[PDB]
Amino acid sequence: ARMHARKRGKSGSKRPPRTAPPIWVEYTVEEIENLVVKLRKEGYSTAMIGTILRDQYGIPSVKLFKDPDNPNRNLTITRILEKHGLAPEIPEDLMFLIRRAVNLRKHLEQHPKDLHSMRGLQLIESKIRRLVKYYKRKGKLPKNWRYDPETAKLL
Amino acid sequence: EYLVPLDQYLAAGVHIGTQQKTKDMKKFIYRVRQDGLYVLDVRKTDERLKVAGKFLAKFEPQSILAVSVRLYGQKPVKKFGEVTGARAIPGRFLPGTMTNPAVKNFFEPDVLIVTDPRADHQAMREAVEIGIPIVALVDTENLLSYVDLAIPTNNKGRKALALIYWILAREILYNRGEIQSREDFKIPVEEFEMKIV
Amino acid sequence: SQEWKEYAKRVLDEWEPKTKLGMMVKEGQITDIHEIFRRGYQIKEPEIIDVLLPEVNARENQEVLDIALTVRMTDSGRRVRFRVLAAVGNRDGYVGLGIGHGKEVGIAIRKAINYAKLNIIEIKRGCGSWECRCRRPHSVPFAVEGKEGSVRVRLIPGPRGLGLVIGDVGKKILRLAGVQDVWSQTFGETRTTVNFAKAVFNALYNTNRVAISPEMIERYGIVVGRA
Amino acid sequence: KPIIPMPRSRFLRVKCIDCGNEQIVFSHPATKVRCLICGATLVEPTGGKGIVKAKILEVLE
Amino acid sequence: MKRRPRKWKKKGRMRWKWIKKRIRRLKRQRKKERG
Amino acid sequence: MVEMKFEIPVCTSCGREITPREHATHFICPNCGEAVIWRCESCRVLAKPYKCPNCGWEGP
Amino acid sequence: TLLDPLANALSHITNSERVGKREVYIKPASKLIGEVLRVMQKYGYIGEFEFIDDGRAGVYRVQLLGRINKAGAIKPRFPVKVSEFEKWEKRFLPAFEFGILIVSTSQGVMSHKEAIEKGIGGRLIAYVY
RNA sequence: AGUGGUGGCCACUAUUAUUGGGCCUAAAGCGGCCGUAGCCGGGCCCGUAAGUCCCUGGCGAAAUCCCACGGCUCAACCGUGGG
RNA sequence: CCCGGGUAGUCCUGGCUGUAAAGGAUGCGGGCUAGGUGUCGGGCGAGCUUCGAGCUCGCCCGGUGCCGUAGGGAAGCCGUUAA
């Protein structure tokens, strides 16, 4: 994470170059479909869904399995949650950032003098706005959609 | 096959290295001990020193210099030079020895023998400035820059010094043909070792 | 020519060889100049080289580049000292440069000449201009650089008859290196003649540092040293 | 530095203690690992290798 | 008012702080009498 | 004029020729003892290994 | 942030050479990079090379033969017609044909001498000698 | 049969720097951070041909410029022919 | 300059003023590049254990030095934390 903290720390994580999924996965594409719809039915976003699936269920990655409905695409959790109407409208990361934004703005309301968190607010707001600008360049949001603290409160 | 018994080697401190390593001698290093001292490879040491014996015979006896500024090696080198007719210089190597013709003891070898690479820096610089091949008695702390024939072992202990110098005399006089068998040396280890006064 | 062999004989039966290299030149095992350089030997007795290249002794083949009067400040006066820099070479790809300290003109001159003899070097030569390409050793075979201090000098092949397009110090060095047409450019100040000379030396040495195919040898006619 | 990055995390075919349940689990879990039937925890996430408590049967790569 | 570091070396010079302050006092009086 | 093409010595552990005043070395091949292994500074200071052309013996 | 594979590749090659190692592993491997690696190998400046599917971007493994004085990437992709190569050649080479230039042309990226023989200009990408 | 003095312009000058300059100690990195336009941007497949490149018609008039030849005694100049 | 006092100041509240040798006198991001060694912090593996990651050793990653090969630079010096 260098883009603001400017520290080149490497806590990233690695995936081996496997092209076909391994054999020891005793579940099939429909079974992982059943489990992922169960999981998101239980109220989890993609990151925690995939973590627990690779953790307790053991399947290393759903990206190693090819979507039946398209030969060129490798199956992903987001696509599956899009299949059944369980993907979210506002992309998950940005919803999280809005939630943290309203959180910090409240704490800041009851605490004006901590300019350190003023700067933090400035940071997280540039973050959300960059993500939103990008997604506008892609068009997965309504074009009139634009940040407001108050609707974030409604969020 | 070993020139000397392995247990003799282990008793001689040949395989005992320091608490340090280097990228250069990762190959020669065998393993580490839980305390910290490093262990060299015995078999590689034996192979390299028999190779060195195969080498040194190709030169003249007198032409080869052997120098040890480390205290523990001075009698091993004098004894080896006596045995093999090589020239030997213990103590403080006079700077400008082979580089300065006006000196009294001017002599230019065709190969060098080095006891401790760290201590014998001056010898290497002189010999290089003459431009000759270099042989070294290295440790897991010595450095492999500017050595044509490095041999790994413990280059501090007196027992190791005498043992390896003895084996070197054995192999050089083997390959020189003056003495064919190993058993013709009636000069045991204690003749090369240091005497504690 | 015959006079050079006479000089070689005079020194041969006068000089007593001390170094390890003195034998193979006095005993005749070595007779090629490039014999010394190839193997990676050393040189310390200047008397060696005139045996194989007595032509260095020619009065014209020795060049005095510059004479500096560097002072030393003492508690009890100003003690001058002559630092003289001079070059000596043959016109077939061997040259050398020397710096000699002294109390008079002569002593510094002699010591500098001896040192320069000791720093003899081999010179590749060719023709790699974009126009001439005549395969002869009438120029540096290809572009090179030489760095010393502030000064960095780049030498570029040129067509024949162009002459030495370079400052006077480089002119003398290249006249005594056996080269006669080259473009030259300099970065850094060239008023300190000593560094200019040393930089040209570095460049000439760097010529041999360039990787080459035999194809290139036959294309520019790369004469390694003596033509 | 290894040219191709090889993961330092393996997978583990393990047997739970209570209900005799086989499972595939991960060496460096980011969260808790629990059994399907009895529900008890299996491996605890920490700064490094997860804290196994059941019996490891086989090591998968 | 972007002070040159070169001027801070006291060789053949007065301490820069005080020259700056002198210029400021002169500025004060000049702007004053102007208006 | 009979052309005087010498064989300029080539270092063994890098393939780069030996510049004239390089203080390089030449010594007999180690394990068999017929090949003249050269060694240049660029291979000496870092002391990268050399492999004999004949016996495949590798060493510094 | 990595932005240009080729320049990092050729710089990595030269920085290996001046040390003079044997094996190099260009992490940013691309099809164009492989074509380039073919180019000078057809003048043997390198030994063999191989592609390795790393699962992310490929990695090219290359042996050196110790024959690269300097290998730089002309970054601003100067387009050049046939008739003026001598100016740009003189811009990046020490002597007459002393090495090569790699040009991307309508037919496929490869060296410059043939491109003169085939008489097709293009866009300079790299130089090496 | 010109030379000298002065003035102004290019080289000298990599002291204007794309080719091709520096910014720790010589003058030169702002106290720090955010980010708009601009500029520079990972790889693979399909298409396009805007750029990029090759060929081809019209056109960029003459005089000046490069080259061979002819006239002026030679030259400069002029003409014819090619760029 | 030393000593005896002494106002504004130095403290809290609200606002302004936008400055310093704010100096590593070193603008930031990526790729490459011999090494030696410590501490800091995270992880892993051995050894110790009065069983507290509580104590010694090896490795990997990030920050922080010191020494240092090649290499740079007028030199001071720098040198994988680059100049």
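Chain D is numbered as in Swiss-Prot, which gives 3-63 for the residues shown.
This entry, so its header tells us, was determined using electron microscopy, 3.2 Å.
A Cβ is built for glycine as well, from the same backbone N, Cα and C atoms used for every other residue.
Listed in Swiss-Prot:
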BINDING   D:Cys18, D:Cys21, D:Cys37, D:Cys40  Zn(2+) binding site
ZN_FING   D:18-40  zinc finger
Remaining residues near the recorded Zn(2+) site, that is with C-beta within 8 Å of the centroid of the site residues D:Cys18, D:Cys21, D:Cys37, D:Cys40:
D:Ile19, D:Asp20, D:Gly22, D:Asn23, D:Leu38, D:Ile39, D:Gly41, D:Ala42
Going by DSSP, give the three-state secondary structure for D:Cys18 (Zn(2+) binding site).
coil
Starting from the Cβ of D:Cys37 (Zn(2+) binding site), draw a 10 Å sphere and report how many other Cβ atoms land inside it.
19
Looking only at Cβ atoms, how many others are within 10 Å of the one on D:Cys21 (Zn(2+) binding site)?
12
Using a 10 Å cut-off on Cβ-Cβ distances across all protein chains shown, tell me which of the binding-site residues (D:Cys18, D:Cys40) has the largest neighbour count.
D:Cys18
Near chain A, which of the binding-site residues D:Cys18, D:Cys21, D:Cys40 can you find when the cut-off is a Cβ distance under 8 Å?
none
